[PDB]
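Visitor: Questions regarding the structure given below will be posed in turn.
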Amino acid sequence: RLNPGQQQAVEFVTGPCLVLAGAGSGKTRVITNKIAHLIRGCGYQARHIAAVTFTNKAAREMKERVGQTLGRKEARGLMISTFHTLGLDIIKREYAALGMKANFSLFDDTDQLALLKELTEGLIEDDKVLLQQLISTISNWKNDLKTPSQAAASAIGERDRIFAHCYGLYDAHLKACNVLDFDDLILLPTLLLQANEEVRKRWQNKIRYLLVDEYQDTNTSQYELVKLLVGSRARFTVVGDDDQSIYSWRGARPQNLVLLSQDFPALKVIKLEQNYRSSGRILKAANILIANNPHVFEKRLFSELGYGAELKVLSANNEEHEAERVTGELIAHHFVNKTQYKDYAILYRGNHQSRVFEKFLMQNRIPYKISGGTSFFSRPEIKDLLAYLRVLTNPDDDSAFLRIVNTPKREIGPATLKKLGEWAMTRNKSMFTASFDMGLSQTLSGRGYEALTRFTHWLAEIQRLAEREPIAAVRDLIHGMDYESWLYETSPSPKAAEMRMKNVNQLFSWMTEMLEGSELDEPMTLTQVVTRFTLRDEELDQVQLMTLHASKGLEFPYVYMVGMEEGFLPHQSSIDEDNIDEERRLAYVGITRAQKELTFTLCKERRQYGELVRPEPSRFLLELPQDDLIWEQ
Amino acid sequence: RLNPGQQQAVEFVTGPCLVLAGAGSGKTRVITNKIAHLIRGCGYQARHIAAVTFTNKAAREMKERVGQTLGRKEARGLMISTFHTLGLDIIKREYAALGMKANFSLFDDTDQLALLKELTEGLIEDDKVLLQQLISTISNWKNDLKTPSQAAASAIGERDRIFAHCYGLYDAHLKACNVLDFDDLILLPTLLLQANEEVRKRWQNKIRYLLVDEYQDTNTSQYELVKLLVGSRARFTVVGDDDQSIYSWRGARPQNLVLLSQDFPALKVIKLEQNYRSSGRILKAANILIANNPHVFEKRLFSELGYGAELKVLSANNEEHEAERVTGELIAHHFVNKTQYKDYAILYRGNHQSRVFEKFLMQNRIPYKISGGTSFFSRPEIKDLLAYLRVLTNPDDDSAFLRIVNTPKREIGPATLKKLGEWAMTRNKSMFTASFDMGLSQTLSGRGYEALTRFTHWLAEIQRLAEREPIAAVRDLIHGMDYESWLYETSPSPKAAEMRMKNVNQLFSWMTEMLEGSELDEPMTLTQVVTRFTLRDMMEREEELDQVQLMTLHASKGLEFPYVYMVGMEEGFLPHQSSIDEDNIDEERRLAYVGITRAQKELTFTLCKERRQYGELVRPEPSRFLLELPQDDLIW
DNA sequence: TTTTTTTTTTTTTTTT
């Protein structure tokens, strides 16, 4: 049933309305129900309501519920969709109007960056992070309804003057070859609808009432497109929280909720404050943490659930200790409270802080998911290495051999492989094993049986040795095929091969520490050290492990916001730019994602650059309500 | 020679006769010949024969043939036309005998639907497919010479009695603003003709001999018009094939071939049965499939052409693998056989199934053409330009004024229009014309009146001018409002503008040569040039597009291809559920019959093994049709 | 340091 605010937002259907749903307030229920009502209580034909969101997920999720309350029929034609779906669908539908049609495949992300590489070879470094900016910064001036020259105007800085020119060639090639990146799909009808009234109204009448979720994420283009979509008839309901604006660095106009209030003054801010997920204690902290932010709309959250357990603040000594402690504490909790691996979540600022957890987690046969990113254990360089090791440990895994055969770079053609397989198959065994039967010698010969022997040899003599000197063996397995060189030849920019390699050491060193065992951890047979690694290789129980950003709009019973140091959470970059407000929002989000218990963690020391630094507790931990926080020792 | 059937068709010129030209028969030949012959061998005077058709195409087609076996003398001075052109002309012509102003407005269907939309808002669901039924169903109580009232009687069902009402509303607005949708073009003369004798005869004496093609498509009014026209001599020759009656849902009485057989004593069916296009296997198949359908008229196709390859029936797994195999096999066949994508045709029951084929063909650099895509006479840039012309030649066309006043963009606000209308209303006359009553000056003034007057004046001046230099007037009409620029502002990308523009030019040009007059057809006054465009006699016409012929089953209707790919051969789709769960499929049967008969060399069926229907899925069973077909020549 | 974005099917055909 509807809690008052919800109720109110649901009923106010007569004008430009803004619902300021605090976290866990249940917006999607409102929206749905708004729709459902709009239909059943004010006639307002289904086909005349547009529900816009940002992700193709929210999208299906919303469609799910809608149809779950609305009867198959009446629910007919709901303009539920992403911005981009529509934005495109406009371009599409009105192009068919002039009688004509369109045909220029959206330049899906990659394609762009790609095109951007060839576009900026000598101009700009062969680097990902770089190109990223280039991409992003380009996609910005675009959301700043600008031209590749108007942008050289508003262009202060060396590589920026460059990005501008580069930018120039981007739209250059695109306008030309006849294709469009994503944001184009918005600033497309946006323009096409402003410049022309004929079309404008047709939409204005298609889209009788519009609802928009996740409004704090809105960018200019969308913003306008929205305005255009319902200019002053203004029969809508935008929905958001300004304290959850975090993708500002990506065209999200923070003051969107305010800007709205201006070019729309009969705005009725209805706010949802009741929370259905977090304990009182969590909410209190969050509630306070965020009040240190210069605040406009007052929003003070509250739930009807029990005050929880104290927010603990585990202080780790170094980068590793942290992961160790968490994974450790993750496990205990879990054991003692008989819960599920998925009730847990581990959140960080940057993507690297993940690497080390990925270790312990895996090292402790604790299943997980690297939502925010890509699990170390997939990265080909490591998948490959794994397989050799899998082979070594188990010469019956055709899977692995089939994969490592020539991949490190020998000359064992598919023939010399399918024929060994074919003879191995009827002699009933593994390839590597059968790659030794003297009867296989004449089913296949030539130069293929001249590389297969050699290789399958090199392996076995190493596999032999690993039997007592794993490390050595592996170490030898490494420099042996000179994966290093191989990578440098296969990997794109060397820096990638460099990293692709760095990974390879990492793995090995892990694998080593494990074989070496330790003071309390009795050492492992290479076979186990392997199986540990291997297990890695959705209706699954596993620890959500992702970045705060990754976490936006999710929840989990137990959260470990790790790395609560200054440089890190209050991200140094931002630290020194005086914008923290966002970082703060960032934290506050993090925090409001946990529902039963929350734990913060920080490293007492970080390795600056071989130079070790003793960082200070994310000021955030301090602004929190100390009565409910429990710093360790 | 000419095959006997054909011949006898041609020699029989003494009474009520029907030629049952089966698929491939030679239909166009015979007609041309019969007219040529009527004249030459029978003494009939070129100016007394009328050959009616359904489309402005066949008509041009026919006029070409005929015209080239005779000369402009007997030729260009003969009555070949569509029904509507005739129906209209009857209206016009006898309005003149009555000396009245024919200033009504032809409501091109689009114009029609829209009017409905408005007139049908809260009443009915803002939906295409909906409006359609509304339109159609409306165009039929009409085609059944029925009132918006007697129709409520002949109304069973809710959204139906609704329609009747809406209809009431439709006919209501029409009759009032003085405009007529196409159906009125036939229903008017007909009535006009049966209610009065003086006229009747007059026409009975003008059209001394009439021939009507594609008779199986005749609807009531149509037919009734015929009857009237032909009166008692019966000197005529309708031609057709009830086995090809597929637009039954749009007013076509299938039983026409029969109905005819009755109101007419000595009907002498003559039946052409020799195909000359499809292989004996195709014909085989087709001739058989059709037999499952009931029959009052007995025939059987059969060509001399060699018996051909086996009718293959590719079973695909999903919505997409279907298009995948087709485009694939298409490519293959062409490669090793080498035979322009034009030789190739893919035909579906509905248009969605186009959406997936368009992919793979384009995904494979295969050029192709897409069945039916918004007549040129519907591009906004055109309907706009038309409107002006409409208004220029007929100042009594509010609809047209109403669409133009501000469109090319002056500053004539809806108020300023609201008030023109009111004044124009009370004084009972045009907005345009009212625009000048000195009395309007007081109901409205300020800036609108300034804009209003400026405009309507300019227009007047053009109007005045066109009197003498049609093109120069139109020429200045265009440049005058800067339509070009307009497009460049209104149109999305610039290229579309240029295109939209190009379209404008073209129209200009046709209009021109139409005015400038042909040496086969006598020159036209601009008012006529208009009525033509109004009928969308776009006059189509060497270097045709050698790409894929992709179209609906309906878009096949008389058209031939060497190799066809009759896709989506499942139950639901092909024999459409609408029909399935209706009791009549005979229609869908014909539908297929046709689709089949359309390929001449080799046919190939195809069925999706799984649906993309219901958001989920379904394991569909082959178009029963597929199984009624000769198993011997069929493959899997 | 952080990272979404989708050309189908709307589910029957269309002169004049």
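Chain labels A, B, ... are given in the sequence in which chains occur in the structure tokens; within each chain residues are numbered consecutively from 1, and ligands are likewise numbered from 1 in the order shown.
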Could you list, as a short mmCIF file (atom, residue, chain, number, x, y, z; two decimals) with N, CA, C and O atoms, in the first residue's frame, every residue within 10 Å of residue B:306, counting only C-alpha atoms (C1' of nucleotides) and ignoring same-chain residues fewer than 2 positions away?
Guide:
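Done, and the output landed in selection_5.cif:
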data_model
loop_
_atom_site.label_atom_id
_atom_site.label_comp_id
_atom_site.auth_asym_id
_atom_site.auth_seq_id
_atom_site.Cartn_x
_atom_site.Cartn_y
_atom_site.Cartn_z
N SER B 278 4.49 -19.64 -66.51
CA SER B 278 5.03 -20.56 -65.52
C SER B 278 5.23 -21.94 -66.11
O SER B 278 4.55 -22.34 -67.06
N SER B 279 6.19 -22.66 -65.53
CA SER B 279 6.49 -24.03 -65.93
C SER B 279 5.27 -24.91 -65.64
O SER B 279 4.48 -24.62 -64.72
N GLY B 280 5.18 -26.03 -66.35
CA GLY B 280 4.06 -26.93 -66.14
C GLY B 280 3.89 -27.40 -64.70
O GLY B 280 2.76 -27.73 -64.29
N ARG B 281 5.00 -27.46 -63.96
CA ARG B 281 5.03 -27.90 -62.54
C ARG B 281 4.33 -26.89 -61.63
O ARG B 281 3.55 -27.25 -60.73
N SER B 303 0.48 -24.59 -69.22
CA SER B 303 1.35 -23.95 -70.20
C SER B 303 2.03 -24.96 -71.09
O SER B 303 2.02 -26.18 -70.82
N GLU B 304 2.59 -24.43 -72.17
CA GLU B 304 3.32 -25.23 -73.13
C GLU B 304 4.75 -25.31 -72.61
O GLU B 304 5.38 -26.36 -72.70
N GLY B 308 9.09 -27.81 -65.01
CA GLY B 308 10.31 -27.39 -64.36
C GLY B 308 10.78 -28.08 -63.09
O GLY B 308 10.22 -29.10 -62.63
N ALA B 309 11.75 -27.43 -62.47
CA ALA B 309 12.36 -27.91 -61.25
C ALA B 309 11.32 -28.14 -60.17
O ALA B 309 10.18 -27.67 -60.25
N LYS B 601 9.79 -19.64 -63.55
CA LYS B 601 10.80 -20.66 -63.64
C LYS B 601 10.77 -21.62 -62.46
O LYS B 601 10.34 -22.76 -62.59
#
Visitor: May I have the residues within 12 Å of residue C:6 as a PyMOL selection string, using only C-alpha atoms (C1' of nucleotides) and disregarding those fewer than 2 positions away in the same chain?
Guide: (chain A and resi 55-56+81-89+105-109+181-182+185) or (chain C and resi 4+8)
Visitor: Chain B residues within 8 Å of chain C, counting only C-alpha atoms (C1' of nucleotides): which ones, as number ranges by chain?
Guide: B: 54-55, 84, 182-183, 247, 349-350, 352, 355, 535, 552, 554, 576, 578, 612-614
Visitor: Quick one: write out the picked residues with C-alpha atoms as a PDB file, in the first residue's frame?
Guide:
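Listed below is the output, out.pdb:
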ATOM      1  CA  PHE B  54      -8.795  -0.112 -61.708  1.00  0.00           C
ATOM      2  CA  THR B  55      -5.424   1.460 -61.691  1.00  0.00           C
ATOM      3  CA  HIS B  84     -12.676   6.778 -60.711  1.00  0.00           C
ATOM      4  CA  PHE B 182     -12.889   8.539 -53.757  1.00  0.00           C
ATOM      5  CA  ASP B 183     -15.731   6.169 -53.160  1.00  0.00           C
ATOM      6  CA  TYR B 247      -9.263  -7.659 -52.189  1.00  0.00           C
ATOM      7  CA  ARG B 349       1.495 -12.222 -46.485  1.00  0.00           C
ATOM      8  CA  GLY B 350       2.228  -9.168 -44.341  1.00  0.00           C
ATOM      9  CA  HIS B 352       6.692  -7.393 -40.680  1.00  0.00           C
ATOM     10  CA  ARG B 355      11.717  -6.749 -41.365  1.00  0.00           C
ATOM     11  CA  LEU B 535      -6.017  10.988 -58.570  1.00  0.00           C
ATOM     12  CA  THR B 552       3.544  -8.621 -50.354  1.00  0.00           C
ATOM     13  CA  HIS B 554      -1.044  -8.583 -52.659  1.00  0.00           C
ATOM     14  CA  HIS B 576      -3.924 -15.920 -41.715  1.00  0.00           C
ATOM     15  CA  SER B 578      -8.020 -13.650 -39.137  1.00  0.00           C
ATOM     16  CA  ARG B 612       8.908 -14.172 -32.318  1.00  0.00           C
ATOM     17  CA  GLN B 613       5.148 -13.847 -31.535  1.00  0.00           C
ATOM     18  CA  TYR B 614       3.725 -13.153 -27.991  1.00  0.00           C
TER      19      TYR B 614
END
Visitor: Taking only C-alpha atoms into account, find every residue of chain A that has an atom no more than 9 Å from chain B, and write it out as a ChimeraX atom specification.
Guide: /A:45,47-48,91,94-95,97-100,188-189,191-193,195-199
Visitor: Which residues are near residue A:562? Cut-off 6 Å, only C-alpha atoms (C1' of nucleotides), ignore same chain within fewer than 3 positions. Put them as a PyMOL selection string.
Guide: chain A and resi 348+600-601
Visitor: Pick out the residues sitting within 8 Å of residue A:17, and hand them over as a list in words; count only C-alpha atoms (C1' of nucleotides), and ignore anything fewer than 4 positions along from it in its own chain.
Guide: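 With the cut-off at 8 Å, the set is residues 12, 13, 235, 236, 237, 238, 267, 268, 269 and 270 of chain A.
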Visitor: Take the residues from that selection and write them out as a PDB file, in the first residue's frame, keeping N, CA and C atoms.
Guide:
ATOM      1  N   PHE A  12      -0.770  13.321  -7.903  1.00  0.00           N
ATOM      2  CA  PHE A  12      -0.595  14.601  -8.562  1.00  0.00           C
ATOM      3  C   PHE A  12      -0.255  14.440 -10.030  1.00  0.00           C
ATOM      4  N   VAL A  13      -1.323  14.392 -10.829  1.00  0.00           N
ATOM      5  CA  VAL A  13      -1.263  14.161 -12.272  1.00  0.00           C
ATOM      6  C   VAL A  13      -1.585  15.343 -13.156  1.00  0.00           C
ATOM      7  N   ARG A 235       2.542  18.231 -18.676  1.00  0.00           N
ATOM      8  CA  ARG A 235       1.944  17.093 -17.963  1.00  0.00           C
ATOM      9  C   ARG A 235       2.941  15.924 -17.822  1.00  0.00           C
ATOM     10  N   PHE A 236       3.733  15.973 -16.742  1.00  0.00           N
ATOM     11  CA  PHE A 236       4.770  14.999 -16.478  1.00  0.00           C
ATOM     12  C   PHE A 236       5.096  14.789 -15.018  1.00  0.00           C
ATOM     13  N   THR A 237       6.130  13.975 -14.816  1.00  0.00           N
ATOM     14  CA  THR A 237       6.654  13.625 -13.514  1.00  0.00           C
ATOM     15  C   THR A 237       8.076  13.123 -13.629  1.00  0.00           C
ATOM     16  N   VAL A 238       9.022  14.026 -13.426  1.00  0.00           N
ATOM     17  CA  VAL A 238      10.432  13.694 -13.426  1.00  0.00           C
ATOM     18  C   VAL A 238      10.720  13.110 -12.029  1.00  0.00           C
ATOM     19  N   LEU A 267       6.369  23.964 -10.633  1.00  0.00           N
ATOM     20  CA  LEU A 267       6.905  22.662 -10.260  1.00  0.00           C
ATOM     21  C   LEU A 267       6.436  22.335  -8.870  1.00  0.00           C
ATOM     22  N   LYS A 268       5.950  21.118  -8.718  1.00  0.00           N
ATOM     23  CA  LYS A 268       5.455  20.685  -7.440  1.00  0.00           C
ATOM     24  C   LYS A 268       6.415  19.618  -6.888  1.00  0.00           C
ATOM     25  N   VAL A 269       7.355  19.998  -6.032  1.00  0.00           N
ATOM     26  CA  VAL A 269       8.261  18.992  -5.531  1.00  0.00           C
ATOM     27  C   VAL A 269       7.601  18.121  -4.487  1.00  0.00           C
ATOM     28  N   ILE A 270       7.294  16.888  -4.832  1.00  0.00           N
ATOM     29  CA  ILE A 270       6.741  15.946  -3.882  1.00  0.00           C
ATOM     30  C   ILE A 270       7.942  15.072  -3.491  1.00  0.00           C
TER      31      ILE A 270
END
Visitor: Tell me, as a compact mmCIF listing (two decimals) with N, CA and C atoms, in the first residue's frame, which residues lie within 7 Å of stretch 155-172 of chain B, counting only C-alpha atoms (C1' of nucleotides); anything in the same chain fewer than 5 positions away does not count.
Guide:
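To be explicit, this is the file written out as around_2.txt:
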# COMPACT_ATOMS: atom_id res chain seq x y z
N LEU B 116 -10.80 11.65 -39.85
CA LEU B 116 -11.38 10.64 -38.97
C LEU B 116 -10.71 10.79 -37.62
N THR B 120 -12.63 11.27 -34.56
CA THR B 120 -12.70 10.05 -33.81
C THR B 120 -11.65 9.98 -32.72
N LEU B 134 -11.76 1.23 -39.60
CA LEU B 134 -12.74 2.30 -39.65
C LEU B 134 -12.89 2.82 -41.08
N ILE B 138 -15.82 1.76 -43.55
CA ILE B 138 -16.63 2.92 -43.92
C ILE B 138 -16.76 2.98 -45.44
N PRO B 148 -25.44 6.14 -43.40
CA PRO B 148 -24.76 6.02 -42.11
C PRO B 148 -25.76 5.61 -41.01
Visitor: For residue B:174, please output as number ranges by chain all residues within 10 Å (counting only C-alpha atoms (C1' of nucleotides); exclusion window: fewer than 3 positions along the same chain).
Guide: B: 104-105, 107, 112, 115, 169-171, 177-181
Visitor: Give me the residues near stretch 282-299 of chain B as a PyMOL selection string, where near means some atom within 7 Å (using only C-alpha atoms (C1' of nucleotides)) and where sequence neighbours in that chain fewer than 3 positions away do not count.
Guide: chain B and resi 273+278-279+302+586+589-590+593+596-597+625+628-630
Visitor: Mind the document's chain letters and residue numbers, and return as a list in words the residues of stretch 23-220 of chain A that DSSP labels strand (DSSP E or B).
Guide: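 Selecting the strand (DSSP E or B) positions of stretch 23-220 of chain A gives residues 49, 50, 51, 52, 53, 81, 82, 106, 180, 209, 210, 211 and 212 of chain A.
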Visitor: Keeping only C-alpha atoms, write the selected residues to a file as a compact mmCIF listing (two decimals), in the first residue's frame.
Guide:
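After the write, out-v2.txt holds the following:
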# COMPACT_ATOMS: atom_id res chain seq x y z
CA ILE A 49 2.16 7.66 -21.80
CA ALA A 50 5.96 7.61 -22.10
CA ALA A 51 8.14 6.20 -19.40
CA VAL A 52 11.74 7.07 -19.95
CA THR A 53 14.79 5.76 -18.11
CA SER A 81 12.25 2.78 -23.05
CA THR A 82 15.70 4.14 -22.65
CA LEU A 106 24.82 3.62 -34.34
CA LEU A 180 26.25 8.33 -35.53
CA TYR A 209 2.08 12.42 -20.28
CA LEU A 210 5.71 11.66 -19.65
CA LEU A 211 7.49 10.20 -16.61
CA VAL A 212 11.22 10.11 -16.26
Visitor: Can you check which residues of stretch 183-405 of chain B DSSP gives as helix (DSSP H, G or I) on the backbone and send them as an MDAnalysis selection string?
Guide: chainID B and resid 183:195 197:204 215:217 220:230 242:244 248:250 256:263 280:291 319:337 341:343 352:354 357:363 376:378 380:393 398:404
Visitor: Ranking A:215, A:247, A:167, A:620 by minimum distance to chain C and counting only C-alpha atoms (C1' of nucleotides), which one comes first?
Guide: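 Of A:215, A:247, A:167, A:620, the one nearest chain C, counting only C-alpha atoms (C1' of nucleotides), is A:247.
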